[PDB]
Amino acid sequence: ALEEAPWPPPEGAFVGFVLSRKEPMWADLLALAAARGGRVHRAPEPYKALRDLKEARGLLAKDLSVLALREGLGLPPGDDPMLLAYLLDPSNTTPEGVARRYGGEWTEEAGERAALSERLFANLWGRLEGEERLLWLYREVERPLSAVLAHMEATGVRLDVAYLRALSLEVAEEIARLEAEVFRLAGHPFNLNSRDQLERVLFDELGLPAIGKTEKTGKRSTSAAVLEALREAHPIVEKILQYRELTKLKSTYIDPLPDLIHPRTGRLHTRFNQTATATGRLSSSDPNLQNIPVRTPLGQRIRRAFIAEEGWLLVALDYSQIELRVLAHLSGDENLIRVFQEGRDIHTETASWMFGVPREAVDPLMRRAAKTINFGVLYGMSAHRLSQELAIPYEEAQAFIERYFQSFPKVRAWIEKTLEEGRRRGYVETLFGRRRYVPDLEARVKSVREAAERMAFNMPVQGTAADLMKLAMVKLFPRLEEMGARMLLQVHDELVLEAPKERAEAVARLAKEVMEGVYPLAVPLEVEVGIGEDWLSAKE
């Protein structure tokens, strides 16, 4: 049905490729093809014909650009129909889904994938006509950001492997101690990693009361919430909790990561999935580097393993109270804008209230616990749950919630303005125009409607925070190449850079001004910046 003109393909053609696995850094390029005007050009040798291309254009262009960089080839990713459909509707997350929705079939052949990329682009670009606010996000944010992400995935990050190997044995012993002590209290051994077996030990053999049930099957839950309430009911809970922390950090971080070091680059390579969340945030996978531990003392020792190359330093930049500043600009609340206009720290103030210490006596562990509460209360946590997390009576948890939103009376008016427009328009949008469709705002079941409501007014705040970060990544990346610095990781409101040790302080100051002034708001955006040889030393 399509003409099979031979390689080389024309210019501005749409590419179609097949990988041996989903990870472009680890994938073997199995087939390559291009399409334009109906014609489909199939590469004889994929690695040889990959050099004939001058732009990566089509579905998942970023992934092909990452494998190209893996081969020392500069093949920038261009237009991607996935970015058009993702801006039209964040529910369009995969090539299979967008194919079933807007037309065509996602197959496993490079030629058919090439032809589908051209057909999908004309359709989605036609629908995006008129949606100029979304076209601006496409032209100015999403499309150039893929090229930035391609270099981040290709560069990778250095990992102190011998440090994690020693950390594995160091924690392996501490796990055996707790494991043996939990068997002593239970009177018999069992599999502590099996929630079903722990359920019988805690709730049938012991007289411990079951606090709640699981969702799908209705079993007696052994989650950290149930156990945290049973710390005084039995000493076995105290050691089961210490056991969960270690095995989580060992089986997910300390042990898996050193085995993912790439052979050719000697670095760890993640994937930054650009069309994966409903709010416009990025997501990381294979391995996920956006959930490296940082809270517990042992978790912070895992960030020490993320190091710069010899003669380099890591530059970390983190937005301060970012979504609270976003809410101040969206709500227009005079008292909240006044807070960031006077340099006040909401997270430090909340910790000062929990621990009965002044703002000066608050430490980072206290301030991190207050962030969990400040954003929980903001996005609709119940007064009953808040009372249990803070161990305060239900009456005090109500007053804290009312005082929270009465300190900024316009934020609740803004939540209603967003909800009201949500049910009228059928979608909420960020400050830049990125939409999320939430259709259950008029559901008749109170639980389903209220769940849709909490998702509804969260997306503008979190989505605008995501957009300001993407805009900075698009503006900051070219200024780094002219300084010999690299862009490595993005953690939602945080950028991790890598610069030579002599230019590190110059890169830290430049990135600070770019991020702070990426888009001026009614409040100033303040960025905390630190330099170190490792990730933990730079976040300080």
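Throughout, rigid core stands for the largest set of C-alpha atoms superposing within 1.5 Å between the two forms. The first residue of the shown sequence is 1; numbering continues from there.
In summary, of the stretches 381-389 and 368-376, 368-376 shows the greater Cα distance from the shown form in 8 other deposited structures of this protein, with structures fitted on the rigid core. After superposition on the rigid core, the larger root-mean-square Cα deviation in 8 other deposited structures of this protein belongs to 346-354, not to the other of 346-354 and 465-473.
Taking the mean C-alpha B-factor of each stretch as recorded, 269-277 and 386-394 are not equal, and the higher mean is that of 386-394.
Of the two stretches examined, 350-358 and 75-83, the record assigns the greater average C-alpha temperature factor to 350-358. Per the PDB record, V201 has a higher Cα B-factor than any other of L257, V148, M459, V201. Taking the deposited Cα B-factors for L488, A61, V40, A472, the highest one is held by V40. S407 sits in the highest third of its chain by CA B factor, as recorded in the PDB entry. In the PDB entry, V496 places in the lowest third of its chain by CA B-factor. In the deposited entry, the Cα temperature factor of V339 places it in the middle third of its chain's modelled residues.
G376: CA B factor lies in the lowest third for its chain, per the PDB record. Among the modelled residues of its chain, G104 has a C-alpha B-factor that falls in the lowest third, as given in the PDB entry.
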